[PDB]
S.K.: 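For reference, the structure I am asking about is given below.
Counting convention: from 1, in listed order, for ligands and their atoms alike. All values below were derived from every heavy atom in this structure, side-chain atoms included, with hydrogens, water molecules and symmetry-related copies excluded. Numbered from 1 within each chain, the chains take letters A, B, ... in sequence-line order.
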There are 4 protein chains.
Amino acid sequence: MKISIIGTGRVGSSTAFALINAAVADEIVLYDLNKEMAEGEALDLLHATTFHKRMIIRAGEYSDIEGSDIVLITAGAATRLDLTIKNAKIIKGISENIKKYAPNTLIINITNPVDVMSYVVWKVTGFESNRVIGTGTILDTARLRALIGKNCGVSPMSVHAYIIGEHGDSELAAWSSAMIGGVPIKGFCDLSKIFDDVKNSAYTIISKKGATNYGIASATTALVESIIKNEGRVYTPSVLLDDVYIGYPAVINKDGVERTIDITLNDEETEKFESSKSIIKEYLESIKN
Amino acid sequence: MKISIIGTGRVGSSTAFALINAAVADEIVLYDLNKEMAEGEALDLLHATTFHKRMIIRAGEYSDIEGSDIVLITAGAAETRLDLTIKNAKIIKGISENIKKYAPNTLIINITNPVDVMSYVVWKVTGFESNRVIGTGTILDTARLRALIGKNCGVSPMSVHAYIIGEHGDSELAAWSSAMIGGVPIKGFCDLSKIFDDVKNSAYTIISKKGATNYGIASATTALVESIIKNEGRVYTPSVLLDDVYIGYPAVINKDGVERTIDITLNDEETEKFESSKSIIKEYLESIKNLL
Amino acid sequence: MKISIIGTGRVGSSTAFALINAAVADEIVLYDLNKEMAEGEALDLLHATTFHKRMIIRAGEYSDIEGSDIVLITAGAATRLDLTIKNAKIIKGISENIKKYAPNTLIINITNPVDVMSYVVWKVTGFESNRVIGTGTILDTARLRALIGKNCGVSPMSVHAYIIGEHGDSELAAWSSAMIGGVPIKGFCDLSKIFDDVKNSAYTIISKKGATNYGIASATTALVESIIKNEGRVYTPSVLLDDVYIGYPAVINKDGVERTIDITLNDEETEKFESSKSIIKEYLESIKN
Amino acid sequence: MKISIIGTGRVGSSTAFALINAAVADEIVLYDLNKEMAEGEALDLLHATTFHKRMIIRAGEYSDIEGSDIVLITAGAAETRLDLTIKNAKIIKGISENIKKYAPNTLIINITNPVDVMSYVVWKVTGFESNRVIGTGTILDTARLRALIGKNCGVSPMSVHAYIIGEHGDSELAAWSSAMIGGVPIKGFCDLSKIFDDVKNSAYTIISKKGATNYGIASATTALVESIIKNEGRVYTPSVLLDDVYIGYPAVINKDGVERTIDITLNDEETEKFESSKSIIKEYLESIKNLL
Ligand SMILES: NC(=O)c1ccc[n+]([C@@H]2O[C@H](COP(=O)([O-])OP(=O)(O)OC[C@H]3O[C@@H](n4cnc5c(N)ncnc54)[C@H](O)[C@@H]3O)[C@@H](O)[C@H]2O)c1
Ligand SMILES: NC(=O)c1ccc[n+]([C@@H]2O[C@H](COP(=O)([O-])OP(=O)(O)OC[C@H]3O[C@@H](n4cnc5c(N)ncnc54)[C@H](O)[C@@H]3O)[C@@H](O)[C@H]2O)c1
Ligand SMILES: NC(=O)c1ccc[n+]([C@@H]2O[C@H](COP(=O)([O-])OP(=O)(O)OC[C@H]3O[C@@H](n4cnc5c(N)ncnc54)[C@H](O)[C@@H]3O)[C@@H](O)[C@H]2O)c1
Ligand SMILES: NC(=O)c1ccc[n+]([C@@H]2O[C@H](COP(=O)([O-])OP(=O)(O)OC[C@H]3O[C@@H](n4cnc5c(N)ncnc54)[C@H](O)[C@@H]3O)[C@@H](O)[C@H]2O)c1
């Protein structure tokens, strides 16, 4: 099991640390524009493997990602349109190299805006869409389930609620079909306040410590684990749906997206989702050139 | 964390081995009418802890179950069903009177068959609160149904939300009308009836081939115990009090035992079958009432 | 990772259960003379996998052990010479089938007397000795370390003491070179009583519950884990030493016995070890024919 | 199980993440002079617990470390060594006075550099028993040496019994004369000196390349904490009191902290080097005595 990580900054290094702690890969290759920083991270992370699984951890060039089972893209530049433009250029260059050196790999994109950049990866690489996913709303869906579980006295495993759409303050909860232990959620255990807290927490973290990285590192490691272990767990990654990438329920196994799950939405949820899609489609048009 | 096991036969010793392998308890006390067998099992199981967790494993008398956090009842023999119900109810009555005396604050998990009827006997004889007395019910069969459905439909069993309920055994039923996969009705996601029949009948096949069954229930019991010890609030289908009988039914399990039941909707067919199960159990209870 | 188990009695089924609980193999094939009993065990054990790792668990014929990475021999008949004669016939037949259907596998023998039967396996299969081991004194060495650790207030990981020789009441502790955290054991923390208790405990278990199986199942699973994970852990299996199989320190990795460790013994330990060897060599002469 | 972390910088937050991933604590309290940064780290780390263990993670003031089972000190800046010793001793004195006041019964693990000197300052200022104050010493370097030796000689690191001791850094030494593999002197089992030099110098290389080091010490600290929480009695080389200085040295670690040291024999060369290390530490202590 070989995993390469493109962009060894705060998110890339934290995710490598979590993958080491999960003991699921044999080799991690770290790539960065800053060659010294990647070499320093690789050596520090190698030291951490001492307490877990024997692994190869090394900095490399793009040729060193050849044969990777999975490639994580965690690169990014130091207005929202300004960020999308800057990162689209970065992701295009990364994607041309993955296509060249790892034509058969599976790509998970984290770079923001995650849904837009995931589509860029898919288009530039030419891969099948099932082999290109973004982390979408995976973290927020998991957090919403944990908080509902806590508030209603039940394991999050029994809380079946999805957050879908464009990752960020315009994502939406699919309340109408949410359930706990197979009964409607409203008839089991206000819930809107919890979703609001989840949706906005990322802005608060960035506001206070400058960036966010431990949450996404853990969500990404969970997703990677279901690929490596061929679990078929249902996530809400960024996935191809109707000519855009958007957060949406999907079964993930060793081949990537096995299928999407077409959940039912009421009128208001349908409207928010189509509005989420429209916003994504316009950012894509902007970076078309 | 102290667990006592009453009846150190095939199931009792297999469950002790699984709990050791799970590394969730500090002390296991083993009880049996056959004193030397319990001592031999305890020594052998102590050897196994070498590779897992430092623990106390010992055979003991009822005074040694004092202060147990959990007591498992795996006693009795595995003949008509009424004859078995009568014989095991007498065994379970005596065990229950001793747990009442020596571990009045504990939580009891009953495995002895027929598991729903015997769980009710435990509850009545100990005088415990019903949340502190449960049987293993349909937990194994529900878990197997979700695994097989997930295999057949290409999804994790964590995403298959289907329950087997009712009287453990040939009378149990799958709550198909409310089953779902990933928050979509099961029909529209993916044959189900054949998978259920395979699950429901497998215990008979195992028993006919190797004489008894023990590894499946040992693993299911260990999972239930982990949810109590870890205060997880996971949903199981144990034997739980539902109005005026113990029966397999969805329930939230945490450190205090049964937190609540989950009232699922059943269609007309399923309601008829569940009521048939409840009737069978209640008539067994009425038949052994004079023994309680 | 495919493991086959020959003899699905108390030890065979307990070991399969422990291997399932350890989640290290993808497939276990169970063989027994009693075909119904093997099928019943396989189905019960399959049910246990539900709570652990997805696995194939099945009863099979000898052709079904083809391709096994590891084969465990846990078969045996229902005086000591009488048992050795009875089990030697059993092990010869099993070994001829392993040679035929799994020529490239690694064999771990548990059938008693474990040191004698391990040699029979080696000779009949024609395998390289590094690919044939018995469980030797692994359990008793582990127990001695746990009890010393408990009595002296230290982790068993830091207790370096070996039990060697013929498994049973004539095995011996290599006290003169034992140590705790790299100082002589006598100068760290009577120890003879602990060893005596360890050596004799198996007779007591058999005496009280008719047989023993959970201890050896756990020791065998530990040994299998160091092979599968290529750990290079030091055990005291039955290994080829000077034209006999005998319990002795050895490094175990994915290829089996990587090497033995030639520890130093004082005069009395040397005498006991050579006496242990002589006893084994005479049982081998007896079943030569 | 409650752990407080004083100094939520690169090392403090990385160690919190590793402790979360290890699932050994129920509550982590994070303290920092930079209040908003600590709050942001706590929120981000709370998100990570979603995938591991239900926990409380929160930023707090010193009153919030009351009742902590363990307090980790990861504060200070990473200039001469004497200037750093002076500046960090003042930081550590203030932290130690606050832990003394709000968590007088706790166990302290110091990471702040220079780790041996600072650990002694913690011990002196808190007035704690020495078994309850330890530094991370040479724990990481010892673990790395055993891993690399095992790789080179084809054996598990569990079978390599070698210690790095002395002052953490360029002054530390390997106790080669008593090192062993599988109960045989290391020379006769399997170049060692080059492996040690690689270990001893790697921190400098990491720091020059990525500016700081944090993942290795976070993992080593988490292993040490697990041995305390699990009452394991594993042997480490933390910074521990050895007569009248704190220095890296073999020690048995259990739920009470340092159970005992292990007096290994050193040859003449190693004794000279260890005495040189002790001298360096003691003269730093004498130099900052007026600050204590
Ligand atoms: N939910 C999410 O999807 C999520 C969460 C958090 C962060 N992010 C995003 O992840 C990305 C990284 O965040 P971070 O905190 O680690 O930033 P960072 O600045 O710490 O690290 C970014 C790394 O990318 C490197 N890099 C820049 N251009 C590159 C290029 N062409 N090729 C290769 N490497 C390049 C940089 O040298 C740097 O090391 C950002 O886009 C961030 O918005 C996404
Ligand atoms: N799904 C389930 O609930 C399930 C599954 C498997 C087995 N079982 C049942 O578990 C029970 C035990 O099965 P087993 O295979 O281990 O049988 P077993 O005969 O191997 O062991 C039963 C033990 O109970 C002991 N015992 C008998 N009377 C006792 C008494 N008054 N007090 C204390 N101990 C007593 C016996 O000495 C014996 O050791 C049976 O009733 C079996 O039907 C239930
Ligand atoms: N430390 C050790 O090495 C250790 C420990 C415990 C037991 N043992 C030994 O393990 C062996 C099994 O012990 P057990 O308690 O499981 O006995 P058991 O009677 O419960 O099981 C033995 C199995 O072997 C089967 N069998 C018999 N002949 C066979 C043949 N030619 N081919 C295939 N299968 C055959 C039998 O049908 C039976 O199922 C015994 O020899 C025992 O002495 C060794
Ligand atoms: N092997 C080791 O022992 C080892 C390894 C690595 C780092 N370190 C040392 O750990 C310490 C922290 O390293 P870092 O990379 O995390 O530095 P950092 O600058 O990233 O974080 C240090 C934190 O300490 C805070 N702080 C400063 N003064 C404080 C005070 N009086 N009270 C409370 N908090 C205070 C700061 O606000 C900052 O957040 C350094 O001394 C470093 O040398 C030791």
S.K.: Quick one: pull up CG in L223(C) and OG in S218(C) and give me the separation to the nearest 0.5 Å.
M.R.: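 Spacing of CG (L223(C)) from OG (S218(C)) equals 12.5 Å.
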
S.K.: So what's ligand 4 close to, N/O to N/O, under 3.5 Å?
M.R.:
unit_1   : atom_1 : unit_2  : atom_2 : d
ligand 4 : 3 (O)  : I111(D) : O      : 3.0
ligand 4 : 3 (O)  : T136(D) : OG1    : 3.4
ligand 4 : 8 (N)  : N113(D) : ND2    : 3.4
ligand 4 : 15 (O) : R10(D)  : NE     : 3.0
ligand 4 : 15 (O) : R10(D)  : NH2    : 3.0
ligand 4 : 16 (O) : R10(D)  : N      : 3.2
ligand 4 : 16 (O) : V11(D)  : N      : 2.8
ligand 4 : 20 (O) : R10(D)  : N      : 3.1
ligand 4 : 20 (O) : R10(D)  : NE     : 3.3
ligand 4 : 24 (O) : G76(D)  : N      : 3.4
ligand 4 : 37 (O) : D32(D)  : OD1    : 2.6
ligand 4 : 37 (O) : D32(D)  : OD2    : 3.4
ligand 4 : 39 (O) : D32(D)  : OD1    : 3.4
ligand 4 : 39 (O) : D32(D)  : OD2    : 2.6
ligand 4 : 41 (O) : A77(D)  : O      : 3.2
ligand 4 : 41 (O) : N113(D) : N      : 3.4
ligand 4 : 43 (O) : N113(D) : ND2    : 2.8

S.K.: For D83(B), which residues count as a salt bridge (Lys or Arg N to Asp or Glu O under 4.0 Å) partner, sequence neighbours excluded?
M.R.: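 Here the qualifying residues are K87(B).
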
S.K.: Check each atom of ligand 3 against the heavy atoms of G76(C) and keep those under 4.0 Å away; list them by number with element.
M.R.: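 In order of numbering, the contacting atoms are 22 (C), 24 (O), 27 (C).
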
S.K.: Are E171(C) and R143(C) within salt-bridge range, i.e. N to O under 4.0 Å?
M.R.: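 Result for this pair is no, no salt bridge flagged.
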
S.K.: So, do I90(C) and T111(C) sit near enough that their side-chain heavy atoms are less than 4.5 Å apart?
M.R.: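 Not in contact.
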
S.K.: Parallel, tilted or perpendicular, judged at 30° and 60°: which one describes the rings of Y62(D) and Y102(D)?
M.R.: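 Taking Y102(D) first and then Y62(D), their aromatic rings lie parallel (interplane angle under 30°).
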
S.K.: Answer yes or no: is there an ion pair linking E39(C) with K35(C), defined by an N-O contact shorter than 4.0 Å?
M.R.: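 No, no charged N to carboxylate O under 4.0 Å.
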
